[PDB]
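A quick write-up on the structure given underneath.
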Amino acid sequence: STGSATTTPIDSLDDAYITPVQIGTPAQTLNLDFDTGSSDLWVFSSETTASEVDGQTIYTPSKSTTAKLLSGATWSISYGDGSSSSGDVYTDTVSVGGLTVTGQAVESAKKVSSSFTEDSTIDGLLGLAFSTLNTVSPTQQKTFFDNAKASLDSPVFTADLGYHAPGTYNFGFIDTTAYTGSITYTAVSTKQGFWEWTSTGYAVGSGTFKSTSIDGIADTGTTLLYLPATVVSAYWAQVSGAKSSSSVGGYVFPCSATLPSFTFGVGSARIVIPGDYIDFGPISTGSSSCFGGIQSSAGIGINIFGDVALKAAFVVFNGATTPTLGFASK
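Take the sequence shown: its letter number 141 is residue 141 in the entry's author numbering, and every next letter is one higher.
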């Protein structure tokens with residue numbers, strides 16, 4: 001089997017991407033944030049505290065003939081951005097782009113933090129990291145990908161995120177028309193539950209490539225590119241007037257600037273992030289100070305190849321017995 005679904009930016013900055021997901025019988029379609037940095041499929045629901053729901057589409061398990069309470073199971077998650085949610089668990093039928101899993105754990109939110117309430121466009125998350133990170137207790141549950149894997153034509157999914165445009169998540173096949181050149185594969189460590197890999201280095205603009213190992217995670221659920229302070233300083237030093245602002249919470253730059261590209265290494269291959277991808281616009285409405293898309297990972301504890309990086313590539317998440325990651329230009 002295979003599946004193919006379009007993923008769409010939630011706003012003009014590509015702050016996140018939503019993908020329609022069918023849950024239950026008859027189908028209830030919710031727009032979920034596919035997140036390769038976590039492993040819970042959770043949704044706004046009829047059980048979510050009413051004051052914490054503001055425009056989201058909810059899953060109502062009592063209206064699904066295939067929903068079953070997973071008795072005794074609860075979940076609770078905190079994300080790197082400080083947001084969180086928790087609740088109980090149903091199993092139900094879940095389909096993504098034509099690919100159907102029966103018995104998928106659908107984690108129903110009883111509580112969500114303010115960041116989720118305030119984002120009307122995201123109805124929940126669909127985790128695509130390794131199932132070892134799933135928070136369901138006392139019986140840990142499998143991700144959608146893990147459940148689908150055995151049935152897929154090939155045990156893979158691909159992320160093809162657009163810049164200011166829709167893109168595609170495919171399950172079970174590699175669309176050879178969706179990228180240019182060849183795909184370069186690189187080793188993955190699953191020890192922390194993430195798609196963790198080591199970039200071979202970087203360049204700023206037309207500058208020479210610096211060969212250096214950068215361990216980090218491929219994370220579709222993080223907006224920006226978070227890298228070591230040394231690398232980030234070298235990037236922003238090439239933008240007149242750019243500075244790190246403790247008050248704003250990162251590097252900012254004059255909105256009048258033209259940003260250089262940023263290149264990262266995948267083995268001997270190179271992925272080029274155009275300068276425009278690194279512009280996240282005014283820090284506040286009407287400001288001439290713009291927020292940068294490359295930020296320091298210092299104090300996160302891990303480097304994160306988020307959407308800024310991933311959207312410059314066609315990315316293969318290979319869930320074979322020994323997982324690997326593939327990157328191609330597009």
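Positions of the beta carbon are idealized from the N, C-alpha and C atoms, including for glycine.
Query	Result
Local conformation of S51 per DSSP, three classes	helix
Residue range of the alpha helix (DSSP H) that includes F116	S114 to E118
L69 classed as buried or exposed, judged by whether at least 16 other C-beta atoms fall within 10 angstroms	exposed
Proximity of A67 and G124 at Cβ, strictly below 7 Å	no
Simplified DSSP assignment, three categories, for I214	strand
Identity of the residue in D11, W75 and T49 nearest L41 by Cα	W75
Between the CA atoms of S86 and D307 - distance to the nearest angstrom	25 Å
Closest residue to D54 among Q22, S113 and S64 (Cα-Cα distance)	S113
Through-space distance from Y163 to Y277, alpha-carbon basis	7 Å
CB of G205 within 7 Å of CB of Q238, strictly	yes
Runs of beta strand (DSSP E) lying entirely within the region 302-327, each at least 3 residues, in chain order	303-305 and 314-318
Which residues DSSP lists as bridging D160, in chain order	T168
Bridge partner(s) assigned by DSSP for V204	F262
CB contact flag (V106, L325, <7 Å)	no
Three-state class that DSSP yields for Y251 in the structure shown	strand
Assigned exposure category for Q295 - 16 Cβ within 10 Å defines buried	buried
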